[PDB]
Every structure is written in C-alpha cells, then in structure tokens.
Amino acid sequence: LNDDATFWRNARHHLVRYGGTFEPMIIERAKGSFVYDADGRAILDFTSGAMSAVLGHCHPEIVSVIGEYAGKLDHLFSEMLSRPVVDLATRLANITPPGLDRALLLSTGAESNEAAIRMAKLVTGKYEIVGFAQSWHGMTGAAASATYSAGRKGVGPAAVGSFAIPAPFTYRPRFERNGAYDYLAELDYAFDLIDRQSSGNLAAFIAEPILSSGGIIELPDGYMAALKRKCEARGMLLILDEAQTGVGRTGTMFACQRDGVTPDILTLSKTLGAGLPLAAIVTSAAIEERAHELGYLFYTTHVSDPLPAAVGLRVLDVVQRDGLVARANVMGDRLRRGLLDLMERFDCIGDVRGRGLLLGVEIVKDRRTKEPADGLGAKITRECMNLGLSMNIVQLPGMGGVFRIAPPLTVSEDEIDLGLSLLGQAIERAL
C-alpha cells in the first residue's frame, strides 16, 4: 500500500519542501500515459509528468538510446565534441524556423533562459529585460527575475532592470478601445510606460507563446508579430520560451511557427528532454557570431554532453517519424470537443482554451461574473486523483482556477476518452 510508514517518515525527516504539496502516494512505475502507485493503481498522466514526457513515460526508443549511450558515450569535458551533440545541434538548426542556426545544449529551462538572457545582454550591451505579468521562466536568477506569475517576494531585490507588461488575456480583458478589447493598443500602452521607465538599456523581451503557469494564456492573433516589431523598434531581442509549447505540443513543431514569427533566440527544455534533463537555446548565426566576438560565456558541467544530446535527437526522431505534432492536433481536438461538451453540461466551466495538446479549463462560480471558483477547482483536482486521473490546477488572482491539461503527444483515442470520462465524474462529485 501507499501507506508505507518508513517511507513517509524518511520523506518527512529528509525532504526539503519546494512548493506545492506532495501526492499521498508512492509512484512505483510508469509506462505510456500511466504512472502506478504502490498498490498498482493506474493513474492517467494528464500533465505528462511536469509537462515534459511528450513520448509518454518510459518509451522504448528512449529506453534503448539512453542505455545505448549510457554505456558508450556518457559525459565529456565541456570542450570535446561528439556526434550526438553536433547532430542534435544541426537537427535543431533544421527543424526550427529559418533564422535560427546555432544551438547550445544545456540541462534546464531556467538554465536555458539564463543562457538566452546572458547572450542578449552581451550582444545588445544593454541589460533591461521585459516579460509578462504572469510569466514563468524558472527558479534561477534571471529566469526568476523575468518570472512574474510567482516567487518574487521574501527573497530580496529582483535583477536590476526588470519590467513586465500585462499579458494579452482575451477571457479576462481589461483594456478597452471602442467598446472592444484592444489587446494591441494595450501593447502600445504598455511599452510606452516601459519606455518611460527604461534607463535606455532595454536588452530583450522573454515570452512564452502560451503562458502555462499563468493559466494557459495564448497570445491573440497578431500579437506575436506586433510584439516582435516593438522589440525591433528598440533594438531589443525577442526571446521565445518554448519549454512547454515547443516540440509539437501545440500542434506545430514550434508555437512561434504558428504566428509565423521567428524570434532572435529560442529556448527549449521540458518537452525537448521528454523527461530527461536536456535543454537548449537556438539563435541566429549573426547573433552567435557577435556574441562570440564579445566573448560570450556559458560554461556548464553538462553542456554538450553525449547522453542528453543523444536522447534529445531521439525524441526529435520519433516525434517526426510518428508525426506526433499531428497526433497533437488530432488528439488535441478530441480532448477539446470533450471539454466543450463538459463545459456544456457544467456551469463551473467558464472557459476552455489553449492549442494542440496544451488545453486549459477555467473553473468559475458563474459564467456571468466570471468569479473565480473558490475551492471547487481544488476539489475537482482532488476528485480526479481519486478517480485515477492526474491533473494540475494553477490559481492566480483575479482569475479562476485553471486546469492545465497536457497528456503525452502519444495519448490514444481511448486514453483521451478515459480522461474526459473521469474529469466529468470528478466534476459531478465536486459540486
């Protein structure tokens, strides 16, 4: 049973608490879209772990390549090159939009955004970084200073030159222009204010194609392009953080491709490692060449490490030959319709949004006032677990509890259905 007393005692005596609250179970194993506790209960992983496992848990391809390299090429001096590294770097150059040519293979999302930010500040000679009011880029220094969804208090000053403009949020609009929500005018409004505060050292703007932590907020039509132009006008770089949107989760290999707006630097992680610690940034040959002249430096233990690079190249291998980016739209629409049907049966569901296999459901006390559903959200999530469905709900002020649904890009038609079924039941029990 999950009640192992020795387990929870050790877990209580020797575990540092880092946010949230631990699941009252002991996950024994995982396969495909399921994790299993000590009793063997199958739990549908509707969050792909930490929004990472795009090929599902313990996927055969990955299990073999990892072992393959674990025993062949593992770790190397950070100045030695290998085929897995040059191949992944080259692949990424090829699957990312034209303009993105060079890659740096790292380990974490925060670490990758750090890399992009350091390179931007260097190349631009400036140091001010602008992000979204409800963004999330990591727990480390710069990634954390550009993160406004959570973690800014009780830990001292943020990084110097940290600004944030509101994120365009169509469901909860607050910027009107002609009786309509003008999120583009809201962009200009925001940046003017930015300019007024800027010390004249704006280096770049980090942005998530779809703000995940911030409640799955997809940037409206024309925003990305507009944003991109705002940055060019000020000689700023546009850093697109696709840690969760990258690698076909939204139905395109890269969300930035949807808008057709390629950034100056692109950072990848979560979905790129498919569960392992592999991350990377990709930039133009112009910026890289320049950053090089300025002596750019981002020397880590695991940068250009054989094993991770190999798994990453494999994750891209299968995602491609198995057209999971498409599986993402196919299964994403199945999940979406189902959610709309449930939204159709329950009033607490005020909104269903997102793209591809990164959907979001907002629980509200009532459509009319769109008043956040207090506790209900937590309850439904609680109920889902009992029913054997692993869900995740994020809660920010002035916004209802948002369920972040993101199963593997490998989910089956039935697995999707199973999920819908359990969610519907959970909502019935929560009310």
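We number the residues from 1 along the sequence you see.
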Per the record, averaged over C-alpha atoms, which has the higher B-factor: 312-320 or 122-130?
312-320
Where do the C-alpha atoms have the higher mean temperature factor in this entry, in 332-340 or in 174-182?
174-182
Per the coordinate record, which of the options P263, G161, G356, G275 holds the highest CA temperature factor?
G275
Chain-relative C-alpha B factor for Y148 (record values, thirds): the middle
By the entry's values, the third containing the CA B factor of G419 is the middle
Considering every modelled residue of the chain and its Cα B-factor in the PDB entry, is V16 in the lowest, middle or highest third?
lowest
Of the three thirds of its chain by CA temperature factor, lowest, middle or highest, which one includes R234?
lowest
Sorting by Cα B-factor within the chain, modelled residues only, which third would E362 end up in: lowest, middle or highest?
middle
